[PDB]
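Novice: Enclosed is the structure file entry23.txt (compact mmCIF, C-alpha atoms).
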```txt
# COMPACT_ATOMS: atom_id res chain seq x y z
CA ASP A 294 5.14 27.26 48.81
CA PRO A 295 3.59 26.19 45.44
CA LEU A 296 1.14 29.15 45.45
CA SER A 297 3.99 31.71 45.82
CA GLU A 298 5.82 29.93 42.96
CA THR A 299 2.73 30.57 40.75
CA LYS A 300 2.56 34.24 41.88
CA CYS A 301 6.17 34.36 40.75
CA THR A 302 5.64 32.60 37.41
CA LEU A 303 2.61 34.87 36.69
CA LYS A 304 4.30 38.05 38.12
CA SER A 305 1.08 38.86 40.06
CA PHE A 306 -0.13 38.80 43.68
CA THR A 307 -3.61 37.65 42.48
CA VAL A 308 -4.04 34.38 40.50
CA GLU A 309 -7.11 33.48 38.40
CA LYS A 310 -8.66 29.96 38.68
CA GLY A 311 -6.53 27.51 36.65
CA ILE A 312 -3.62 25.08 36.38
CA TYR A 313 -0.26 26.85 35.92
CA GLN A 314 3.06 25.34 34.85
CA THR A 315 5.86 26.43 37.24
CA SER A 316 9.59 25.65 37.73
CA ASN A 317 10.21 22.05 36.58
CA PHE A 318 11.87 19.42 38.83
CA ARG A 319 14.52 16.68 38.60
CA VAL A 320 15.54 13.93 41.05
CA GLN A 321 18.99 15.01 42.28
CA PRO A 322 22.07 12.68 42.34
CA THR A 323 22.29 10.87 45.71
CA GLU A 324 26.09 10.24 45.50
CA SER A 325 28.98 10.34 42.98
CA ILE A 326 30.92 7.33 41.62
CA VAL A 327 34.27 7.23 39.80
CA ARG A 328 35.28 4.18 37.74
CA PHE A 329 38.72 4.15 36.11
CA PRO A 330 40.51 0.81 35.37
CA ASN A 331 42.75 -0.34 38.31
CA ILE A 332 46.07 0.25 36.55
CA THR A 333 48.61 0.62 39.44
CA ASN A 334 51.70 1.71 37.55
CA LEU A 335 52.84 5.30 36.99
CA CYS A 336 53.72 6.33 33.43
CA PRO A 337 57.25 6.34 31.93
CA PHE A 338 57.36 10.19 31.96
CA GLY A 339 60.97 9.78 33.23
CA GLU A 340 63.01 8.82 30.14
CA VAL A 341 60.99 11.15 27.85
CA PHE A 342 61.41 14.34 30.00
CA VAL B 729 -8.31 16.75 14.89
CA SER B 730 -5.22 16.78 17.14
CA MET B 731 -1.51 16.10 17.34
CA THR B 732 0.64 14.77 20.22
CA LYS B 733 0.98 17.36 23.01
CA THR B 734 4.74 17.99 23.26
CA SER B 735 6.43 19.83 26.11
CA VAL B 736 10.18 20.49 26.35
CA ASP B 737 12.26 21.41 29.38
CA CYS B 738 14.15 23.91 27.20
CA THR B 739 16.86 24.31 29.83
CA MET B 740 17.38 20.52 29.90
CA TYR B 741 17.50 20.48 26.08
CA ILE B 742 20.08 23.32 25.76
CA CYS B 743 22.11 22.89 28.92
CA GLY B 744 21.44 19.26 30.01
CA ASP B 745 22.16 19.17 33.80
CA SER B 746 25.04 21.77 33.71
CA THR B 747 24.84 24.74 36.13
CA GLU B 748 27.50 26.56 34.02
CA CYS B 749 25.48 26.33 30.87
CA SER B 750 22.25 27.30 32.63
CA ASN B 751 24.02 30.47 33.93
CA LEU B 752 25.06 31.21 30.32
CA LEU B 753 21.48 30.60 29.06
CA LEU B 754 20.26 33.38 31.43
CA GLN B 755 22.33 35.82 29.28
CA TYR B 756 19.75 35.20 26.48
CA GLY B 757 16.92 36.33 28.81
CA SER B 758 13.35 35.13 28.32
CA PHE B 759 13.69 32.80 25.24
CA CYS B 760 13.67 29.66 27.42
CA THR B 761 10.19 30.69 28.60
CA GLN B 762 8.86 32.14 25.33
CA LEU B 763 9.37 28.63 23.83
CA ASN B 764 7.61 26.84 26.73
CA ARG B 765 4.68 29.26 26.46
CA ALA B 766 4.33 28.62 22.72
CA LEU B 767 4.49 24.81 23.21
CA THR B 768 1.97 24.96 26.10
CA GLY B 769 -0.30 27.05 23.84
CA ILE B 770 -0.12 24.32 21.15
CA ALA B 771 -0.75 21.61 23.81
CA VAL B 772 -3.90 23.34 25.21
CA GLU B 773 -5.29 23.81 21.67
CA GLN B 774 -5.25 20.01 21.12
CA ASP B 775 -7.81 19.60 23.94
CA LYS B 776 -9.77 22.59 22.56
CA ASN B 777 -9.76 21.07 19.05
```
Do you think you could lay out the structure here as structure tokens?
Specialist:
Amino acid sequence: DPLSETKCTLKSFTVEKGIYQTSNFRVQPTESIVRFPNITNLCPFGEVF
Amino acid sequence: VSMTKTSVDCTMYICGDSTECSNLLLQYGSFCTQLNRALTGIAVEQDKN
């Protein structure tokens, strides 16, 4: 809970009256997308190798 | 009398959303915090001033 996260940040079981900065937050990615151009055709690696 | 209160998510600055980097930044120990403490000190002193 947020109180235990202060006790952590302050390294103490007792916390004095105050506002304490604790571990910052970020909205996580909901999904992944991949967007490469829809080229269908495999490369001419044949006549080079 | 004051300047703009600036805070930095140090970890987002150095390792910008990479778990790999963040695991490498732990090898430097407390510096990610020591910077946030100093910047929070500056930010509180603007309200004091």
Novice: Which residues of chain B have any atom within 12 Å of an atom in chain A when counting all atoms listed in the file, and what is the closest pair of atoms for each, with the distance in Å to one decimal? Order the rows by chain and rising number and write it as JSON lines.
Specialist:
```
{"residue": "B:735", "atom": "CA", "partner": "A:314", "partner_atom": "CA", "distance": 10.9}
{"residue": "B:736", "atom": "CA", "partner": "A:317", "partner_atom": "CA", "distance": 10.3}
{"residue": "B:737", "atom": "CA", "partner": "A:317", "partner_atom": "CA", "distance": 7.5}
{"residue": "B:738", "atom": "CA", "partner": "A:317", "partner_atom": "CA", "distance": 10.3}
{"residue": "B:739", "atom": "CA", "partner": "A:317", "partner_atom": "CA", "distance": 9.7}
{"residue": "B:740", "atom": "CA", "partner": "A:317", "partner_atom": "CA", "distance": 9.9}
{"residue": "B:744", "atom": "CA", "partner": "A:319", "partner_atom": "CA", "distance": 11.3}
{"residue": "B:745", "atom": "CA", "partner": "A:319", "partner_atom": "CA", "distance": 9.4}
{"residue": "B:760", "atom": "CA", "partner": "A:316", "partner_atom": "CA", "distance": 11.8}
{"residue": "B:761", "atom": "CA", "partner": "A:302", "partner_atom": "CA", "distance": 10.1}
{"residue": "B:764", "atom": "CA", "partner": "A:314", "partner_atom": "CA", "distance": 9.4}
{"residue": "B:765", "atom": "CA", "partner": "A:314", "partner_atom": "CA", "distance": 9.4}
{"residue": "B:767", "atom": "CA", "partner": "A:314", "partner_atom": "CA", "distance": 11.7}
{"residue": "B:768", "atom": "CA", "partner": "A:314", "partner_atom": "CA", "distance": 8.8}
{"residue": "B:769", "atom": "CA", "partner": "A:314", "partner_atom": "CA", "distance": 11.6}
{"residue": "B:772", "atom": "CA", "partner": "A:312", "partner_atom": "CA", "distance": 11.3}
```
Novice: Could you write those residues out with C-alpha atoms, as a PDB file, in the frame of the given file?
Specialist:
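Below you can see again_26.pdb, which holds the result:
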```
ATOM      1  CA  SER B 735       6.430  19.830  26.110  1.00  0.00           C
ATOM      2  CA  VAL B 736      10.180  20.490  26.350  1.00  0.00           C
ATOM      3  CA  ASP B 737      12.260  21.410  29.380  1.00  0.00           C
ATOM      4  CA  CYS B 738      14.150  23.910  27.200  1.00  0.00           C
ATOM      5  CA  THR B 739      16.860  24.310  29.830  1.00  0.00           C
ATOM      6  CA  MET B 740      17.380  20.520  29.900  1.00  0.00           C
ATOM      7  CA  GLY B 744      21.440  19.260  30.010  1.00  0.00           C
ATOM      8  CA  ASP B 745      22.160  19.170  33.800  1.00  0.00           C
ATOM      9  CA  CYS B 760      13.670  29.660  27.420  1.00  0.00           C
ATOM     10  CA  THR B 761      10.190  30.690  28.600  1.00  0.00           C
ATOM     11  CA  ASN B 764       7.610  26.840  26.730  1.00  0.00           C
ATOM     12  CA  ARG B 765       4.680  29.260  26.460  1.00  0.00           C
ATOM     13  CA  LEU B 767       4.490  24.810  23.210  1.00  0.00           C
ATOM     14  CA  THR B 768       1.970  24.960  26.100  1.00  0.00           C
ATOM     15  CA  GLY B 769      -0.300  27.050  23.840  1.00  0.00           C
ATOM     16  CA  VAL B 772      -3.900  23.340  25.210  1.00  0.00           C
TER      17      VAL B 772
END
```
Novice: Work out how far CA of residue 733 in chain B is from CA of residue 770 in chain B, in Å to one decimal.
Specialist: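 Here the two named atoms are 7.3 Å from each other.
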Novice: Work out how far CA of residue 312 in chain A is from CA of residue 762 in chain B, in Å to one decimal.
Specialist: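 Between these atoms lies a distance of 18.1 Å.
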Novice: For CA of residue 776 in chain B and CA of residue 299 in chain A, quote the distance in Å rounded to one decimal.
Specialist: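 Between CA of residue 776 in chain B and CA of residue 299 in chain A the gap works out to 23.5 Å.
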Novice: Taking (-1.7, 28.0, 45.8) in the file's own coordinates, collect the residues within 12 Å, counting all atoms listed in the file, and hand them back as a list in words.
Specialist: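 Returned residue set, sorted by chain then number, is residues 294, 295, 296, 297, 298, 299, 300, 301, 306, 307, 308, 309, 310, 311, 312, 313 and 315 of chain A.
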